Amino acid sequence: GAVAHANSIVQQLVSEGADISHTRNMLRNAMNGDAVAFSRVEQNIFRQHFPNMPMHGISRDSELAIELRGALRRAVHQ
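Heads up: the sequence shown runs through residues 1 to 78, numbered per the authors' numbering.
Here it is in C-alpha coordinates:
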(Lines of atoms letter the chains of each structure in order from A and count residues from 1; the text may use other names and numbers.)
(Lines give C-alpha, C1' and ligand atoms only; values in the text may rest on other atoms or scores of the structure.)
Protein backbone atom coordinates (compact mmCIF):
# COMPACT_ATOMS: atom_id res chain seq x y z
CA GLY A 1 0.00 0.00 0.00
CA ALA A 2 2.32 2.72 1.27
CA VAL A 3 5.15 1.06 -0.66
CA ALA A 4 3.36 1.36 -4.00
CA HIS A 5 2.33 4.91 -3.06
CA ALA A 6 5.95 5.88 -2.27
CA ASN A 7 7.23 4.41 -5.54
CA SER A 8 4.66 6.46 -7.46
CA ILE A 9 5.80 9.65 -5.73
CA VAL A 10 9.36 9.00 -6.89
CA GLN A 11 8.04 8.53 -10.44
CA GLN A 12 6.11 11.79 -10.17
CA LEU A 13 9.16 13.70 -8.90
CA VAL A 14 11.39 12.39 -11.69
CA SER A 15 8.72 13.00 -14.33
CA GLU A 16 8.29 16.60 -13.20
CA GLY A 17 12.02 17.30 -13.40
CA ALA A 18 12.75 17.41 -9.67
CA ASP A 19 16.31 16.81 -8.45
CA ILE A 20 15.67 13.80 -6.22
CA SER A 21 19.09 14.07 -4.57
CA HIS A 22 17.84 17.44 -3.31
CA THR A 23 14.46 15.94 -2.43
CA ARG A 24 16.22 13.34 -0.26
CA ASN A 25 17.95 16.13 1.68
CA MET A 26 14.73 18.05 2.24
CA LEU A 27 12.77 14.96 3.23
CA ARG A 28 15.51 14.13 5.73
CA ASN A 29 15.24 17.67 7.18
CA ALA A 30 11.44 17.45 7.34
CA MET A 31 11.50 14.09 9.10
CA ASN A 32 13.95 15.50 11.67
CA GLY A 33 11.69 18.48 12.26
CA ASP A 34 14.30 20.84 10.81
CA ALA A 35 13.19 23.94 8.93
CA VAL A 36 12.72 23.05 5.25
CA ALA A 37 12.62 24.76 1.87
CA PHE A 38 11.18 22.42 -0.76
CA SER A 39 11.40 23.75 -4.30
CA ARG A 40 8.18 24.90 -5.96
CA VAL A 41 7.94 21.60 -7.83
CA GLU A 42 8.62 19.49 -4.72
CA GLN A 43 6.23 21.48 -2.56
CA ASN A 44 3.44 21.19 -5.12
CA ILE A 45 4.00 17.43 -5.32
CA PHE A 46 4.34 16.77 -1.58
CA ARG A 47 1.14 18.69 -0.82
CA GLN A 48 -0.75 16.13 -2.94
CA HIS A 49 0.63 13.25 -0.85
CA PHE A 50 0.94 14.83 2.61
CA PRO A 51 -2.36 16.82 2.87
CA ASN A 52 -1.64 18.03 6.42
CA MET A 53 1.95 19.03 5.62
CA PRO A 54 1.38 22.81 5.34
CA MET A 55 0.70 23.00 9.07
CA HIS A 56 2.35 19.86 10.44
CA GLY A 57 5.21 19.06 8.07
CA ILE A 58 6.18 15.41 7.57
CA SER A 59 6.41 12.94 10.48
CA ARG A 60 9.47 10.74 10.95
CA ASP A 61 6.96 8.08 12.00
CA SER A 62 4.79 8.44 8.89
CA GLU A 63 4.55 5.08 7.12
CA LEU A 64 4.44 6.83 3.75
CA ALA A 65 7.40 9.10 4.57
CA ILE A 66 9.45 6.10 5.72
CA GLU A 67 8.74 4.21 2.49
CA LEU A 68 9.37 7.36 0.46
CA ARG A 69 12.75 7.79 2.17
CA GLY A 70 13.71 4.27 1.13
CA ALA A 71 12.34 4.60 -2.40
CA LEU A 72 14.25 7.85 -2.94
CA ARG A 73 17.51 6.38 -1.64
CA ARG A 74 17.26 3.39 -3.97
CA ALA A 75 16.23 5.62 -6.89
CA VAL A 76 19.28 7.86 -6.54
CA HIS A 77 21.56 4.83 -6.31
CA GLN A 78 19.80 2.55 -8.82
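Every residue, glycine too, gets a C-beta built ideally from N, C-alpha and C.
Please report the residue range of the alpha helix (DSSP H) in which residue i lies.
| i | result |
| --- | --- |
| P54 | 53-56 |
| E67 | 63-77 |
| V10 | 2-15 |
| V41 | 40-49 |
| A30 | 20-32 |
Taking 7 Å as the cut-off, decide whether the C-beta atoms of residue i and residue j are in contact.
| i | j | result |
| --- | --- | --- |
| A75 | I20 | yes |
| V3 | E67 | yes |
Less than 8 Å between C-beta atoms, sequence neighbours within five positions excluded: which residues of the same chain meet that for residue i?
| i | result |
| --- | --- |
| residue 121 | With the chain covering 1 to 78 only, the question about residue 121 has no answer from this structure. |
| residue 80 | Residue numbering for the chain in the displayed model covers 1 to 78; residue 80 lies beyond these limits and cannot be assessed. |
| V14 | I20, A75 |
| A35 | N29 |
Ignore the nearest five residues each way along the sequence and tell me which others in residue i's own chain have a CB closer than 6 Å to its CB.
| i | result |
| --- | --- |
| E16 | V41 |
| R60 | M31 |
Beta-carbon within less than 7 Å of residue i's beta-carbon, same chain only, minus the 5 sequence neighbours each way: which residues are those?
| i | result |
| --- | --- |
| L72 | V10, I20, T23, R24, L27 |
| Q12 | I45 |
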